[PDB]
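Protein chains: 2
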Amino acid sequence: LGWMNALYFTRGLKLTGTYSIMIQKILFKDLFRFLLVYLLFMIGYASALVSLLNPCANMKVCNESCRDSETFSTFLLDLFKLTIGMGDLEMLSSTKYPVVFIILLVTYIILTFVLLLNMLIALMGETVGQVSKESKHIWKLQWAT
Amino acid sequence: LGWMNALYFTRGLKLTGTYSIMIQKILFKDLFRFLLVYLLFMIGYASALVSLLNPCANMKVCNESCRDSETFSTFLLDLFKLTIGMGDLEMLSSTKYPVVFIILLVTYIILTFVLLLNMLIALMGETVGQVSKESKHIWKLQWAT
Ligand SMILES: [Ca+2]
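Here the protein sequences come in this chain order: W and P. If you use UniProt numbering, the first sequence corresponds to residues 584 to 647, 659 to 739, in order. If you use UniProt numbering, the second sequence corresponds to residues 584 to 647, 659 to 739, in order.
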């Protein structure tokens, strides 16, 4: 916590504290609400997938480490490991294991991992251009305080 | 689908629904046409490569899992796995396995995976600066509706 508070002094010389402006928007509003809505999305879809193994018979083919179970939440752990935008999950053709599960999985992960974070990246790129006077102004405001 | 519709309420307070602006352009026009043209590119080049094993004798040297076959489309699966911009595919010198196949492969993947998505990234970076009045305007339009 003290090395966090080290930011308190890091808002004076050398134009330090510019982050202290943008954290006013990203931590409280933008990244906050984004992580909320995305967490809700992914937990809902997690319930979906853990319910979508009985038809499209129980199989969650090994990732690119939960096996078929019913315990309480190990599903969520291994499934989140799967949701990691890590390795461009496998493609299918002439399905043998769960058939309609895979298409839902791929379209969902494309929705959430090719648009949502990109939505937020574009949001950053557009919102950063708001600093007009609050550079010298917050500088002398630091002076004052 | 209900958790998709959760975006319907997520367009009011806290300036939610900014995505609902950009999705007007990226989902229907930009990312759409880009994925279309890129899919066409890659499937054409896939036909090319699966036809380019007989001279430059049959060999698709193990990636950085289809072996020489003739079945129907396993080519497409393993080849797409190869097309994943995953690991900066191997370099060659003093060729022994297919000779002119590798140079075509590398120049194609450089074309499609160092320019096309970068073309679209620059397109994003330039198109995001269009919000002039439709922030407060779409806000009060949400109000109205
Ligand atoms: Ca890696």
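The C-beta atom is built at its ideal place from N, Cα and C for all residues, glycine as well.
Query: Select from the region 666-689 of chain P all residues with a C-beta closer than 9 angstroms to any C-beta belonging to chain W, and list them in chain order.; Result: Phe666, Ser667, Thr668, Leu670, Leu671, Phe674, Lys675, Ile678, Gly679, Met680
Query: In terms of alpha-carbon separation, which member of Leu673(W), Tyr591(W), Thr601(W), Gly595(W) lies closest to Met625(W)?; Result: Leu673(W)
Query: My assumption, with CB atoms under 8 angstroms, is that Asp613(P) sits in contact with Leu717(P). Please give the rounded CB distance.; Result: 6 angstroms
Query: Taking 8 angstroms as the threshold (beta carbon to beta carbon), is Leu711(W) in contact with chain P?; Result: no
Query: Less than 8 angstroms between the beta carbons of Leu623(P) and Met685(W), yes or no?; Result: no
Query: Examine the Cβ distances between the region 586-603 of chain P and the region 628-641 of chain P and report whether three or more of them are shorter than 8 angstroms.; Result: no
Query: So for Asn712(W), helix, strand or coil by DSSP?; Result: helix
Query: How about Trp737(P): is its C-beta nearer than 8 angstroms to some C-beta of chain W?; Result: no
Query: When burial is assigned at 16 or more other CB atoms within 10 Å of the CB, is residue 658(W) buried or exposed?; Result: Coordinates for residue 658(W) are absent, as chain W skips straight from 647 to 659.
Query: What in chain W is Cβ-close to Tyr602(P), meaning under 9 angstroms?; Result: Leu709, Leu710, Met713, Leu714, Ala716, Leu717
Query: Rank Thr701(P), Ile678(P), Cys645(P) by C-alpha distance to the C-alpha of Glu647(W) and give the top, closest one.; Result: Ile678(P)
Query: Looking at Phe669(P): is its Cβ nearer than 8 angstroms to the Cβ of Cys660(P)?; Result: yes
Query: Under the three-state reduction of DSSP, which class applies to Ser630(W): helix, strand or coil?; Result: helix
Query: Can you pull out the residues from the region 623-634 of chain W whose beta carbon lies closer than 9 angstroms to at least one beta carbon of chain P?; Result: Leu623, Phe624, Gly627, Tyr628, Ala631
Query: Quick test of your reading: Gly595(P) and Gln724(P), contact by CB under 8 angstroms. State the CB separation rounded to the nearest angstrom.; Result: Wrong, their Cβ atoms sit about 22 angstroms apart, outside the cutoff.
Query: Going by beta carbon distance, what residues of the same chain come within less than 8 angstroms of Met680(W), once the five residues before and after it are set aside?; Result: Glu647
Query: Using only the alpha-carbon positions, how far apart do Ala738(P) and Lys730(P) sit?; Result: 12 angstroms
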